[PDB]
Amino acid sequence: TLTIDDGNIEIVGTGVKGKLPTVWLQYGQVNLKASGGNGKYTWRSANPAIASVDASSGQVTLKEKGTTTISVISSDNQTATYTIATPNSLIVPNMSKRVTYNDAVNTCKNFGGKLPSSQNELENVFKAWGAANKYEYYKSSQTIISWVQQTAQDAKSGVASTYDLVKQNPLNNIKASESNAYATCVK
């Protein structure tokens with residue numbers, strides 16, 4: 001008798017459960033609600049070789065390997081299977097210290113992903129994660145500024161656009177420095 005809930009899904013994001021969108025927010029962990037049955041039940045999530053899973057709550061945590069294997073058997077010996085292959089998008093910010101477009105691009109794109117089309121892509125991508133504006137989350141970075149495309153006018157200023165989500169929104173003219181925010185990796 002295996003019964004799992006699929007209305008509240010916990011996405012690799014920051015532990016948010018609602019509808020499955022298309023992006024992961026954080027290391028790489030998701031949790032689904034599935035419960036065994038009467039006796040022997042088997043749980044597998046992303047596979048132990050790559051992720052740590054919670055057997056009393058479909059909790060899968062992956063962060064580097066390739067695909068994720070998740071299966072669920074009812075305590076009565078029923079069989080369920082779910083493997084990550086197409087979906088499972090992941091965003092990765094690269095900049096433990098202030099960074100430049102080229103230094104971060106080598107690292108971010110080295111991830112096989114690409115940069116956002118504009119400042120809003122990151123702010124909207126992060127605002128969807130709930131970190132760009134979690135208030136207390138600022139404690140991880142009171143001010144988080146990302147590198148953005150420059151404007152025709154600011155480019156001539158010899159600068160690029162800078163985005164600050166929790167410190168004041170996006171800003172323009174940043175490049176004369178050579179590393180004022182960081183690179184973002186999506187997908």
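All of the numbers you see were taken from the coordinates with simple rules; none came from a lab. Because the Cβ atoms are built from the backbone with ideal geometry, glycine has one as well, and the counts that use them run over all protein chains shown.
Its convex hull of Cα atoms gives the stretch 66-187 a direction-averaged projected area, equal to a quarter of the hull surface, of 9.8 nm².
In nm, what is the difference between 0.36 nm times the number of residues separating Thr67 and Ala85 and their Cα-Cα distance? Each step should come with its number before you reach the end.
On the way: separation 18, 0.36 × 18 = 6.48 nm, distance 0.58 nm.
Stretched out fully, the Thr67 to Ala85 stretch lengthens by 5.9 nm.
Site pair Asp103 and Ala176 shows an inter-label distance of 2.0 nm when each label is modelled 7 Å from Cα along Cα→Cβ. Ranking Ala55, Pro87, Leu32 by Cα position along the charge dipole of the stretch 1-90, where only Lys, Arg, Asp and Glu carry charges on their C-beta atoms, puts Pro87 farthest toward the positive end. Residues considered: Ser75, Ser140, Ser57. Largest GNM mean-square fluctuation over the chain, using C-alpha springs under 10 Å, is found at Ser140. Taking a straight Cα-Cα cut-off under 17 Å and skipping sequence neighbours fewer than 8 places away in the same chain, the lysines within cross-link reach of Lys156 are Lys175.
Relative to one another, the C-alpha centroids of the stretch 111-131 and the stretch 133-158 are positioned 12 Å apart. Of all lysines in the structure, the ones whose alpha carbon falls short of 23 Å from that of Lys127, not counting any fewer than 8 places away in one chain, are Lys17, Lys19, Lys63, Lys97, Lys109, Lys114, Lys139, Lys167, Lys187.
Annotation: amide H-H contacts under 5 Å for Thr83 (H modelled 1.01 Å from N, sequence separation of 5 or more, or interchain): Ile70.
If you put +1 on each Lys and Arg Cβ and -1 on each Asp and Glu Cβ, how big is the dipole of the stretch 1-90 around its Cα centre, in Debye rounded to 20?
Values: 7 positive and 6 negative charges, 23 e Å.
That gives the stretch 1-90 a dipole magnitude of about 120 debye.
Across the stretch 85-99, coupling constants 3J(HN,Hα) worked out from phi with the 6.51/-1.76/1.60 Karplus curve, θ = phi - 60°, read 9, 8, x, 6, 8, 9, 9, 9, x, 10, 3, 5, 10, 3, 9 Hz, and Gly and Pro carry x. Here each label is just a point 7 Å from Cα along the line to Cβ, and for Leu20 and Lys40 those points are 2.9 nm apart. Here the stretch 91-187 is assigned +1 on the Cβ of each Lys and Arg and -1 on the Cβ of each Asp and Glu. Its dipole about the Cα centre then comes out at about 140 debye.
Residues considered: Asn38, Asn47, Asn88. Largest GNM mean-square fluctuation over the chain, using C-alpha springs under 10 Å, is found at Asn38.
Approximating the spin labels as points 7 Å out from Cα along Cα→Cβ, the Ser52-to-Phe111 distance works out to 2.2 nm.
The value of relative contact order for the chain, using C-alpha pairs under 8 Å at least six residues apart, is 18 percent. The spread of Cα positions in the stretch 1-90, taken along each principal axis and listed from longest to shortest, comes to 36, 27, 19 Å. Principal-axis analysis of the Cα atoms of the chain puts helix 101-110 at an angle of about 20° to the longest axis.
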